[PDB]
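Report on the following structure.
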Amino acid sequence: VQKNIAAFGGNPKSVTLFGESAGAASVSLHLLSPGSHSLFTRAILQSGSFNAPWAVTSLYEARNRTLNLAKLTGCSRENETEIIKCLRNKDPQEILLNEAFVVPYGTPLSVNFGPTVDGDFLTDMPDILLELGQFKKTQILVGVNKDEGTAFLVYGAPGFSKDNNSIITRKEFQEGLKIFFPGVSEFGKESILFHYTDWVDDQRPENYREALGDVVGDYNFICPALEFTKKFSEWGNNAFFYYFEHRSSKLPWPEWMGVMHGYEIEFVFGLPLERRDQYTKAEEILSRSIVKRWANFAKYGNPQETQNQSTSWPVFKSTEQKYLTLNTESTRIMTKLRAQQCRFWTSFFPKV
Amino acid sequence: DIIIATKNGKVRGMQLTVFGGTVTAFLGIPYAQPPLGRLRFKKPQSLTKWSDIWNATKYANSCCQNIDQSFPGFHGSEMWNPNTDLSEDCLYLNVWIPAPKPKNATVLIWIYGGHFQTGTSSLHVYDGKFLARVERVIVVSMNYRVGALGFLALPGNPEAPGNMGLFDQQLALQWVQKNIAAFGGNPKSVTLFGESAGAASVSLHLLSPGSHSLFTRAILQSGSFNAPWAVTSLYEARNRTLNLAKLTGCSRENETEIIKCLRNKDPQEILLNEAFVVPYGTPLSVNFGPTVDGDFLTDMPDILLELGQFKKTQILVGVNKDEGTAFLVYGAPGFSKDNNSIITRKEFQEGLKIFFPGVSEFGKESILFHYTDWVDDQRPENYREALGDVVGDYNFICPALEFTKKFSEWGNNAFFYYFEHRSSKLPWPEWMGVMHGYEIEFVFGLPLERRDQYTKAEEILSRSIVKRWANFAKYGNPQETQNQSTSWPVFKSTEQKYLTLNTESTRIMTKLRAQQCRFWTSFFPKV
Amino acid sequence: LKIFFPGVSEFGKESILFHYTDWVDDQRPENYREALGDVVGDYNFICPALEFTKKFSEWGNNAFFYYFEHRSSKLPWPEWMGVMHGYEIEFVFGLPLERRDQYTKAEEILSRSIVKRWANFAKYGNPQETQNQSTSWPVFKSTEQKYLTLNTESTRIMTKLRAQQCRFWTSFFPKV
Ligand SMILES: *[C@@H]1O[C@H](CO[C@@H]2O[C@@H](C)[C@@H](O)[C@@H](O)[C@@H]2O)[C@@H](O[C@@H]2O[C@H](CO)[C@@H](O)[C@H](O)[C@H]2NC(C)=O)[C@H](O)[C@H]1NC(C)=O
Ligand SMILES: *[C@@H]1O[C@H](CO[C@@H]2O[C@@H](C)[C@@H](O)[C@@H](O)[C@@H]2O)[C@@H](O[C@@H]2O[C@H](CO)[C@@H](O)[C@H](O)[C@H]2NC(C)=O)[C@H](O)[C@H]1NC(C)=O
Ligand SMILES: *[C@@H]1O[C@H](CO[C@H]2O[C@@H](C)[C@@H](O)[C@@H](O)[C@@H]2O)[C@@H](O[C@@H]2O[C@H](CO)[C@@H](O)[C@H](O)[C@H]2NC(C)=O)[C@H](O)[C@H]1NC(C)=O
Ligand SMILES: *[C@@H]1O[C@H](CO[C@H]2O[C@@H](C)[C@@H](O)[C@@H](O)[C@@H]2O)[C@@H](O[C@@H]2O[C@H](CO)[C@@H](O)[C@H](O)[C@H]2NC(C)=O)[C@H](O)[C@H]1NC(C)=O
Ligand SMILES: *[C@@H]1O[C@H](CO[C@H]2O[C@@H](C)[C@@H](O)[C@@H](O)[C@@H]2O)[C@@H](O[C@@H]2O[C@H](CO)[C@@H](O)[C@H](O)[C@H]2NC(C)=O)[C@H](O)[C@H]1NC(C)=O
Ligand SMILES: *[C@@H]1O[C@H](CO[C@H]2O[C@@H](C)[C@@H](O)[C@@H](O)[C@@H]2O)[C@@H](O[C@@H]2O[C@H](CO)[C@@H](O)[C@H](O)[C@H]2NC(C)=O)[C@H](O)[C@H]1NC(C)=O
Ligand SMILES: *[C@@H]1O[C@H](CO)[C@@H](O)[C@H](O)[C@H]1NC(C)=O
Ligand SMILES: *[C@@H]1O[C@H](CO)[C@@H](O)[C@H](O)[C@H]1NC(C)=O
Ligand SMILES: *[C@@H]1O[C@H](CO)[C@@H](O)[C@H](O)[C@H]1NC(C)=O
Ligand SMILES: *[C@@H]1O[C@H](CO)[C@@H](O)[C@H](O)[C@H]1NC(C)=O
Ligand SMILES: *[C@@H]1O[C@H](CO)[C@@H](O)[C@H](O)[C@H]1NC(C)=O
Ligand SMILES: *[C@@H]1O[C@H](CO)[C@@H](O)[C@H](O)[C@H]1NC(C)=O
Ligand SMILES: [Br-]
Ligand SMILES: [Br-]
Ligand SMILES: [Ca+2]
Ligand SMILES: [Cl-]
Ligand SMILES: [Cl-]
Ligand SMILES: [Cl-]
Ligand SMILES: [Cl-]
Ligand SMILES: [Cl-]
Ligand SMILES: [Cl-]
Ligand SMILES: [Cl-]
Ligand SMILES: [Cl-]
Ligand SMILES: [Cl-]
Ligand SMILES: [Cl-]
Ligand code: NA
Ligand code: NA
Ligand code: NA
Ligand code: NA
């Protein structure tokens, strides 16, 4: 892009990266990598950031897994360059079939082979780079979906199914935590149970179904994005945070899964602007507005919609922690998203 | 087989096993023409260049120097003595690089102390291999000339201009600027660090405009150029050059000619006479140190500091809880490493006479007055403790605090520590406390070696210090961010926050030795 | 913990165990002896006094906080019990001012100073010792949380006593 995009009529000095989930984590690692500094101007992170628990493979883990993969492909050797030569004669299917087993227990969030601290793209642990302000100084737009966690529950959590309302019991919730927090002490799991199963009240039969989706989405997406946004803004740059809370009228997944992970993307990319396509009018309007907001952020670093008396998007600062809600009904300014929950994940949880 | 191409030619290093990994070491790479013959007492001249492979596989010669002979066979003192042959041909440096080879690693450059009269980069406590292994920094250290061969001054005379050993240090920094990318280091991320005279040296590089471009940040351990021992005045340097001449049978009229005569003396003759160029030394004497030469240093450094003329960047400064004790067993009456050194009032008074040679009566009484106001008891160790405080507050702690404060007033971040941990292996006795020099082995990560008989709490403390120093070099912020550690606040001139480094409770504290330093800093310089 | 936290869920006890048995390191054999004394003293005395002091000062009044850290040279209880509950009282009431009584000189001095401080607080609302170049006692505010240490060696100003521990007792613990 730097080298070629002027030939296509583009400005190589005005590039915004955007991405979702692992792509958002990727964007946040380009903010940390000094070889990427000159290759872009600004960044949008949709439901992901490199400080999410799934986003970086530790050095210990990567070694175990490389060796485990070798063992499984009949490529266990002593000279390491030689493990690699052996893996290069395996054909892709053989490598793919074995990847799932290089960990002894996956979850629906497993990232068996992800970013590492390689001393090249990434010179140090990224939590340290973030905390101490070593990253590209520029504006960011960050956000998450109201029900990040639900999509993951139908790939292994007991009593969940896309084909019924997935009302689960206490015991099912507990086995659920076992599925998502493989090891994870007893005490670590109870403390999650304790933080999320304090009912006001009723008892609503959906309590535990809702709680486990919140547990998975707060831990894996929402709290890490909020912490990234806050640590990044502390170094002086403008940041903007959204909470996406609109459920596509065409969602093929059931109602209890709510505003799922991944289901803002088609709004960002403007699919509801196509009338022939069976989205509602309110949804054309919402996508029109999001598209304008993303565009204005890329061209101008400010994700406002300035023409149609829209709610002004305040910058996210670490004191007040303002964010904007994106929905078809009332767009609001709100403060301190999931404050109680993220205090649990962010301060208490990493010590267990 | 590991060979790196430098500007001057190929050098070969060696592999080291460290904690289940490998560090590459290049020990003894030359960085200047050997300063012999006509070159004795001159600024270091640049190296000619070689074809063939230079073997940097062993520490090189230490520079000429007198040796501490007060405790022969005793590890406490002998650990500081040179452990390679002495020679005038000593202008060499050492490089330690992580393996696998880094891409653009931060560089830490060590400058040893020794009153500017002694020291060598090859001591066991300055071994950079742990820092390289554990933090993936590159560590560099160099030998620089000490004593008269390093600091003899006749100002404006390039046959003996002064500050030669400071120019040696500078030329090693230039070697780093020019060569370290070849080793995988980042010449744009260099932190100098040093202890005692090496810390004073670091602070003078902050003042010297020829050093501005050769480094990024600075760490000063128990030393700063405003310490009373750190700069030889012009009056003093002249007296001493002439006194040295007189003693070597080199008294002349034409000054270039004194110097030619001193260049035929051989190093032993020059060394034997250095001790006597002052009529009374103390354990803190620096007979030949930095001067205002009009070259490395254009004006009196107190003035440069006060008026903000120095490199603008972050600094880390600190001191040890018992800086002064080490000095008391080299001449103070009633002190000994081999007993508890309980002394009387009268012994304290003769003690002051030993440390403050001349020094009016009134100047000594006022010290006595400020430090012998007992709460109460009377504790028999009162005077033993007081004289160690007098020597450490005057020579180290108050000058470091004043430097830190004057420097921060110009806008930069500064961080201050108080080191208060006594090595479980200290060979000196208990009454000497947390001695001068005994944080160095923690900074360099010797307690990370399990095979070595330090405690677990000490491995933890060194692990944390090493991380802190590393993060300061790479990022200018000496935090340990991962293990719920106490956050290190910047030192500002109002609140004067510093951090305590110990194995028990790490704290934030304010206004270290406030009462004592007011005495040394405001009252004492007028006597 | 079972003796001190009768009922008290399993999880409530483990969480105490978790908060106080994270060792730096060693393993020091006194670790658990020290930890349970801290658990009992932080929960029952230190954290509630700090929270009271902070909630009260938020309404505008001057408050002063001390940390008493001197062990009586005459304590009849053993050394591992340290600076016990109840053993500042005889300093406040000036018993060490009686020379005939076998306290140390440093202890006469400390009690003399505490007595002056308490007296000046009662007469003037300010617990300073103004005559003998003593450390000035800063007011406790909810931001900086300054308190003064009372001992025979070095009197200091310090901030945010037992910050990590009291966050556990004060915010987390009342929900179990
Ligand atoms: C590091 O890897 C080992 C090896 O994992 C096993 O072998 C692989 C090739 C693959 O097929 C895995 O699923 C296997 O689990 C792990 O060691 C095993 O751990 C499990 C569960 O703890 C245990 O029950 C097995 O007996 C172990 N097998 C062997 C050969 O030791 C180990 O847990 C991995 N490290 C982690 C997760 O940190
Ligand atoms: C400046 O130097 C003179 C000379 O010092 C003496 O000769 C030297 C070569 C050396 O061997 C020294 O130890 C000698 O002291 C100093 O003058 C002497 O001062 C002492 C003590 O005051 C006195 O008792 C001697 O008689 C003096 N000797 C002579 C020849 O004048 C002088 O003190 C030095 N200046 C200082 C310390 O500021
Ligand atoms: C296209 O416009 C660019 C710069 O435009 C950008 O300014 C960036 C800093 C960033 O804010 C981005 O969002 C915004 O659109 C022009 O660059 C200018 O022209 C040359 C090209 O290299 C430079 O020499 C100028 O100094 C530079 N000006 C600035 C302000 O950077 C670029 O020329 C233009 N190209 C066209 C019209 O063909
Ligand atoms: C909702 O469905 C789940 C998911 O599993 C099921 O998919 C269903 C649509 C159904 O066709 C069933 O055959 C299939 O297994 C139900 O969980 C299952 O509960 C049954 C009770 O008989 C157990 O036998 C299974 O262990 C459990 N299976 C798995 C794989 O988790 C769930 O009970 C149901 N919930 C409702 C209706 O509220
Ligand atoms: C190694 O990284 C450097 C710069 O890195 C440093 O930035 C310094 C200002 C300092 O903060 C230090 O602690 C930090 O690590 C790269 O320099 C860049 O590349 C060239 C080299 O001269 C310059 O032309 C660029 O303008 C410059 N960028 C910056 C921000 O200074 C250097 O390229 C790199 N070398 C590698 C990866 O081989
Ligand atoms: C502690 O020792 C000092 C230091 O000097 C002595 O070293 C001792 C270990 C001992 O072997 C002795 O022979 C040697 O001199 C003592 O100071 C000395 O005190 C003696 C008293 O007889 C005097 O005669 C000396 O002038 C003085 N010497 C020096 C060189 O300073 C000190 O008294 C002793 N202190 C104790 C035991 O508390
Ligand atoms: C390992 O083997 C390969 C042979 O292809 C060689 O290139 C490499 O240098 C070897 N190194 C070691 C240390 O065994
Ligand atoms: C704003 O509303 C106008 C109607 O006045 C419409 O044509 C347009 O698409 C809207 N633009 C945006 C960015 O929402
Ligand atoms: C340097 O040492 C190497 C191998 O250790 C040897 O082969 C080479 O000849 C040496 N060069 C010298 C001594 O000049
Ligand atoms: C001193 O002597 C040397 C002789 O080598 C000469 O170079 C220098 O110019 C002389 N200068 C004076 C002023 O005597
Ligand atoms: C932090 O503690 C971990 C254990 O969780 C240990 O492996 C590591 O060495 C420590 N790091 C530092 C910098 O103290
Ligand atoms: C202060 O010290 C004096 C000695 O100058 C003494 O008499 C007095 O008791 C002390 N007063 C207090 C309150 O500590
Ligand atoms: Br890692
Ligand atoms: Br001068
Ligand atoms: Ca439990
Ligand atoms: Cl919600
Ligand atoms: Cl239960
Ligand atoms: Cl988080
Ligand atoms: Cl909590
Ligand atoms: Cl102290
Ligand atoms: Cl007297
Ligand atoms: Cl001073
Ligand atoms: Cl004074
Ligand atoms: Cl409480
Ligand atoms: Cl907690
Ligand atoms: Na690591
Ligand atoms: Na999936
Ligand atoms: Na002058
Ligand atoms: Na010495």
Side-chain angles (χ1 to χ4, degrees), chain B residues 373 375-376 489 492-497 507-516 518, chain C residues 41-72 82-99 101 103-167 169-171:
Chain B
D373 200 289
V375 45
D376 231 24
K492 275 162 182 123
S493 228
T494 294
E495 306 181 89
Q496 275 155 257
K497 298 178 190 197
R507 30 218 21 173
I508 309 311
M509 225 62 168
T510 53
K511 294 182 191 172
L512 177 62
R513 299 272 200 296
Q515 261 197 175
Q516 294 93 150
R518 273 178 259 123
Chain C
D42 293 343
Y43 174 59
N44 291 281
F45 298 97
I46 295 187
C47 304
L50 283 178
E51 197 61 20
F52 179 82
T53 300
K54 165 164 12 200
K55 295 296 184 169
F56 191 97
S57 72
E58 266 164 25
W59 287 87
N61 290 111
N62 279 4
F64 300 90
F65 198 92
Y66 63 89
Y67 189 51
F68 186 82
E69 67 190 17
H70 174 68
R71 175 180 171 95
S72 167
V83 180
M84 289 170 64
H85 177 83
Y87 288 89
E88 92 287 350
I89 298 165
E90 63 199 80
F91 286 72
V92 165
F93 268 94
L95 301 218
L97 307 178
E98 182 61 275
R99 286 278 72 203
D101 230 61
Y103 294 92
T104 66
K105 186 85 219 191
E107 282 173 330
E108 176 199 321
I109 294 295
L110 177 62
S111 173
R112 179 71 206 78
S113 165
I114 283 166
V115 149
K116 175 50 87 198
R117 286 194 198 272
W118 264 229
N120 279 351
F121 179 80
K123 307 181 185 167
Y124 312 124
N126 206 344
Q128 302 306 327
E129 188 296 298
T130 60
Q131 297 170 312
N132 290 357
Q133 306 79 231
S134 295
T135 305
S136 176
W137 193 338
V139 319
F140 184 105
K141 275 162 182 123
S142 228
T143 294
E144 306 181 89
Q145 275 155 257
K146 298 178 190 197
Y147 63 103
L148 178 79
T149 65
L150 292 178
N151 64 85
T152 63
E153 34 172 64
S154 56
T155 271
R156 30 218 21 173
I157 309 311
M158 225 62 168
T159 53
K160 294 182 191 172
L161 177 62
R162 299 272 200 296
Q164 261 197 175
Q165 294 93 150
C166 297
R167 273 178 259 123
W169 287 114
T170 293
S171 322

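Numbered from 1 within each chain, the chains take letters A, B, ... in sequence-line order.
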Other residues, nucleotides, ligands: >12 heavy atoms within 6.0 Å of C:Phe121 CZ: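 No.
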Close side-chain approach of C:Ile157 and C:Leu148, heavy atoms under 4.5 Å: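 The answer is yes, as the side chains (C-beta and beyond) meet within the 4.5 Å cut-off.
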Nearest heavy-atom neighbours spanning C:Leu97 and C:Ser111: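 Reported closest heavy-atom pair: CG-OG, 4.0 Å.
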Using atom types as modelled and distance alone, determine if a side-chain donor or acceptor of [X] lies under 3.5 Å from a backbone N or O of [Y].
{"X": "C:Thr135", "Y": "C:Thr155", "result": "yes"}
{"X": "C:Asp42", "Y": "C:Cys47", "result": "no"}
{"X": "C:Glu129", "Y": "C:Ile114", "result": "no"}
{"X": "C:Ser113", "Y": "C:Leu110", "result": "no"}
{"X": "C:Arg71", "Y": "C:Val83", "result": "no"}
{"X": "C:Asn151", "Y": "C:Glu153", "result": "yes"}
{"X": "C:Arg156", "Y": "C:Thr149", "result": "no"}

Geometric class of the C:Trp118/C:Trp137 ring pair [parallel <30°, tilted 30-60°, perpendicular >60°]: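 Ring orientation of C:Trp137 relative to C:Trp118: tilted.
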Plane angle bin for C:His70 and C:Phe91 - parallel if under 30°, tilted between 30 and 60°, otherwise perpendicular: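 Correct class here is perpendicular.
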